[PDB]
Structure formats: structure tokens, C-alpha cells
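Please read the structure below before turning to the comments.
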Ligand SMILES: CN1[C@@H]2CC[C@H]1C[C@@H](OC(=O)[C@H](CO)c1ccccc1)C2
Ligand SMILES: O=C(O)CCC(=O)C(=O)O
Ligand SMILES: [Fe+2]
Ligand SMILES: [Sr+2]
Ligand SMILES: [Sr+2]
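In the authors' numbering, the protein residues as written are 14 to 119, 124 to 342.
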């Protein structure tokens, strides 16, 4: 279908090499070693994996199971999450009730269905707006949401120590939105022409990604793409464009994409943590000086969000209007 054909320059080459230099960070090393290894990965790559991360492996497996079970539901059930008979778009206002979403660039569509909902804070109103089926989705994903948030806040405090910010710097308005995106990539008859997910930064602060199958790729120097090895019991940590700005580019944001597969489907679980739409984003004043002048002026997260979700002329189109010095 023409609707899914990516522009020639954005098409993935067939043989992308494994990223052997993707850091795999054991969180059960000594505290300072973990801080140093995370700091180095954040400065150099903006993407790393965490293992022995304290989130139950059984819960990771049960969550991947119920997410796969959701995408196996019949059309009559999935229609209940399609407002006015079609998938929702990633556009503001981005509601926290569960919806199925379509995504692309303005023009082609990504070879992807995404279930998305808010996860924080957990109350009856929010969980009652989640999928009704499968029966155990709400029970399992409520537990998963809380555990992934706990691990994310641990990683943000490692990041604080690495940067020389006070512990809890991000335990406020900067992390108040937790969007869980369950991504379904069905088999594609022509992977040479399509993308599961176009190249992007995550616009938010930090993302934890759970995957068990290949398809995730990262952009490194000289327009080189590498493959991010799936470790089913690990989380991939992607630093967002918001953290790039707050660290005044001391940290890299992760530019990543997902390629399609001709033979098998793939489910990934992305937990996108970041600011409320009411937030003002700027480089952390604590880190600035005459030697480290701010590279961004303060901006509205809502204003950024509208650009980020619409303009894909460049990976950092969202923050281009706010660049200074
Ligand atoms: C693959 N796409 C990318 C990343 C996830 C998915 C959907 C969209 O990202 C979002 O909708 C997030 C939700 O927090 C967002 C929204 C406004 C500002 C900052 C971040 C773009
Ligand atoms: O499916 C994946 O591995 C990546 C998902 C993603 O990048 C996203 O949802 O933002
Ligand atoms: Fe992403
Ligand atoms: Sr429909
Ligand atoms: Sr309901």
C-alpha cells in the first residue's frame, strides 16, 4: 500500500550491524560504579540497557503476555478504543484514557498499531479508562506501571548524581506524565520500503523500552544505524529531547527507529516519562556558567509538543525555535 511507503532516503538498508558498543549496565554493581557507567552512556550515546534492575522478571513476562493478548483481540473489541471509528492521532491534547493510535509523517504512515494510556498517578478513573480486555490487563499493567516508574526514578537519581544536581531534581512536574505505549508491528510484505517507526527522539524526559525481538535501531555518527540487541529481561533506556535540553546537551538524546519484518510480528512496551504540558523547560540553571552558557531559552512544553508531534523536517525540529548561543 502506497500509504506506508517511506521516502527513499528514510528507507532502512537490509543488513544493519549489531551495536556492540551499546552499554549494558548492571544496576547491582557498587553504587558509584553504576552512577559512573550511566553517566558515561548518557554523555556518549543517550541509549543503554539496564540488567539486574530490580523489576520482577515474572512481571515483565506477564506484561508482555497481556500486551500480546490485547493485540490478538478481535476487531469488535479493538473498535472500543478507536474514537469515532478510527485510531486517534498523536496530537495535543494527548488524553490519558486508553486509545489505539496511528502514526506517520506529513506523507506516509508507520507500519505500527500503538495502544497508549497514562499511568500516573494511578486512580480508579484512570484505570477504568484502560482496556476492559484482556480480563487481567488492568491488574498486571497497574503493577508494571508502578514498578517501571520506580526503576525510572532510580535511574533519574543516578543521572542527578552524575550531573551534580540534587537527588529528586526530576521527582516533580518534570516526570508527572507516564504514557505507556504498547507497539504492535505486524509482518510487512515489503520491509525495504516501510518503517515500523520513523527515526525520532522521544520528546519526553526518559523512556524505558521492553522488547524480546529485533527491530530497534539507533542512529550514531556519520548517519550510521546500529541494531539494539533484544534482551527480554532488560530495559532499553532512551534519553529524551527534554533531558538533552535540561542538561544543556551534556547528555545525548537517543535517535532511534524500528524496521519491519516480513515473517513475524513484534510487540514492544515503551514507558515515556516526562513533564506535564503546563511545564516550562530550560537548561538546569545549577549547571550554567560563562564556560557553559545555555543553548536553549525557556519554552512551553505544550508549545514544544505541538511542533514535536507535527514537524519531522529534522529530528530536533521541536527545539530548533528555542536554540540560542
Ligand atoms: C514514536 N512516537 C514518538 C515517541 C512515542 C510515539 C508517539 C509520539 O510521542 C508522544 O506522543 C509522547 C507522549 O509522551 C510525547 C508527546 C508530546 C511531547 C513529548 C512526548 C512521538
Ligand atoms: O518498538 C520499539 O522498540 C521502539 C518504540 C518507540 O521508540 C517508541 O514508542 O517511542
Ligand atoms: Fe521512541
Ligand atoms: Sr475502525
Ligand atoms: Sr471505561
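Think of the CB as a built atom: it goes at the ideal place given N, C-alpha and C, for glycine as much as any other residue.
Using 8 Å as the threshold, is the stretch 51-63 in touch with the stretch 237-253, meaning 3 or more CB pairs across them?
Contact between the stretch 51-63 and the stretch 237-253 is present, because at least three Cβ pairs lie under 8 Å.
Could you check if residue 221 belongs to the surroundings of ligand 3, using beta carbon to heavy atom distance under 7 Å?
Taking the first residue of the chain shown as 1, we reach residue 221 at position 204. Because no heavy atom of ligand 3 lies under 7 Å away, the Cβ of residue 221 does not count as near it: no.
Is residue 30 buried or exposed, if buried means 16 or more other CB atoms sit within 10 Å of its CB?
Translated into positions along the chain shown, residue 30 becomes position 17. Under this definition residue 30 is an exposed residue.
Candidates 315, 263, 216 and 317: closest to residue 330 by CA position
Here residue 330 corresponds to residue number 313 of the chain shown, with the count starting at 1. Comparing Cα positions, the closest option is 216.
As a quick exercise: from 150, 118 and 170, pick the residue whose alpha carbon is nearest that of residue 137.
One-based indexing of the chain shown puts residue 137 at position 120. Nearest of 150, 118 and 170 to residue 137, Cα basis: 170.
With the cut-off set at 8 Å, would you say residue 122 and residue 198 are in Cβ contact?
Looking at the chain, the numbering goes 119 and then 124, which leaves residue 122 without any coordinates in this model.
Beta carbon shell of ligand 4 at less than 6 Å from a heavy atom
Those residues having their beta-carbon less than 6 Å away from any non-hydrogen atom of ligand 4 are, in chain order, 92, 95, 98 and 99.
Count the other C-beta atoms from every protein chain shown that fall within 10 angstroms of the C-beta of residue 315, then say buried if there are 16 or more, exposed otherwise.
Start at 1 with the first residue of the chain shown, and residue 315 comes out as number 298. Under this definition residue 315 is an exposed residue.
Can you tell me the Cα-Cα spacing of residue 303 and residue 155, whole angstroms?
Locating residue 303 in the chain shown gives position 286, counting from the first residue. Locating residue 155 in the chain shown gives position 138, counting from the first residue. Taking the straight line from one Cα to the other gives about 40 Å.
Measuring alpha carbon to alpha carbon, tell me which residue in 41, 260 and 150 is nearest residue 88.
Counting from one through the chain shown, the residue named residue 88 turns up at place 75. Closest by alpha carbon: 150.
What does the alpha-carbon distance come out to for the pair residue 223 and residue 308?
Residue mapping note: residue 223 aligns to position 206 of the chain shown, counting from 1. Residue mapping note: residue 308 aligns to position 291 of the chain shown, counting from 1. Rounded to the nearest angstrom, the two C-alpha atoms are 27 Å apart.
Consult DSSP for residue 329 and reduce its assignment to one of helix, strand or coil.
Walking along the chain shown from the start, residue 329 turns up at place 312. Residue 329: coil per DSSP, three-state reduction.
Reference residue 317; option with closest CA among 300, 295 and 93
Locating residue 317 in the chain shown gives position 300, counting from the first residue. When only C-alpha atoms are compared, the closest one is 295.
Assuming residue 133 and residue 112 make a contact with CB atoms under 8 Å, what is their CB distance in whole Å?
Taking the first residue of the chain shown as 1, we reach residue 133 at position 116. Taking the first residue of the chain shown as 1, we reach residue 112 at position 99. That belief holds up - the Cβ atoms of residue 133 and residue 112 are roughly 6 Å apart, short of 8 Å.
Buried versus exposed call for residue 119 [16 or more other C-beta atoms within 10 Å across all chains shown]:
Here the question's residue 119 lines up with position 106 in the chain shown. When all chains shown are included, residue 119 counts as exposed.
Return yes when the Cβ of residue 200 is within less than 8 Å of the Cβ of residue 131, no when it is not.
Translated into the one-based positions of the chain shown, residue 131 becomes position 114. Translated into the one-based positions of the chain shown, residue 200 becomes position 183. Yes, Cβ-Cβ distance for residue 131 and residue 200 is below 8 Å.
Whether residue 234 touches residue 274 by CB criterion (8 Å):
Locating residue 234 in the chain shown gives position 217, counting from the first residue. Locating residue 274 in the chain shown gives position 257, counting from the first residue. It is a contact, given that the beta carbons lie within the stated cut-off.
Is residue 229 near ligand 5, with its Cβ less than 7 Å from a heavy atom?
In the chain shown, the residue the question calls residue 229 occupies position 212. Outside the cutoff, so no.
Residue 161 - containing alpha helix (DSSP H), residue span
For the purposes of this step, residue 161 is taken as residue 144 along the chain shown, with counting starting at 1. 154-180 is the span of the alpha helix (DSSP H), which, as asked, contains residue 161.
Find the nearest neighbour of residue 116 within the set 257, 186, 206 and 211, judged by alpha-carbon distance.
Here the question's residue 116 lines up with position 103 in the chain shown. That would be 211, whose Cα lies nearest to the Cα of residue 116.
Alpha carbon to alpha carbon, what distance is there between residue 91 and residue 50?
Sequence index remark: in the chain shown, residue 50 carries index 37 (1-based). Sequence index remark: in the chain shown, residue 91 carries index 78 (1-based). C-alpha separation (whole angstroms): 42 Å.
Where do the ends of the beta strand (DSSP E) carrying residue 253 lie?
Position 236 of the chain shown, counted from the first residue, corresponds to residue 253. Counting along the chain, residue 253 sits inside the beta strand (DSSP E) bounded by residues 252-256.
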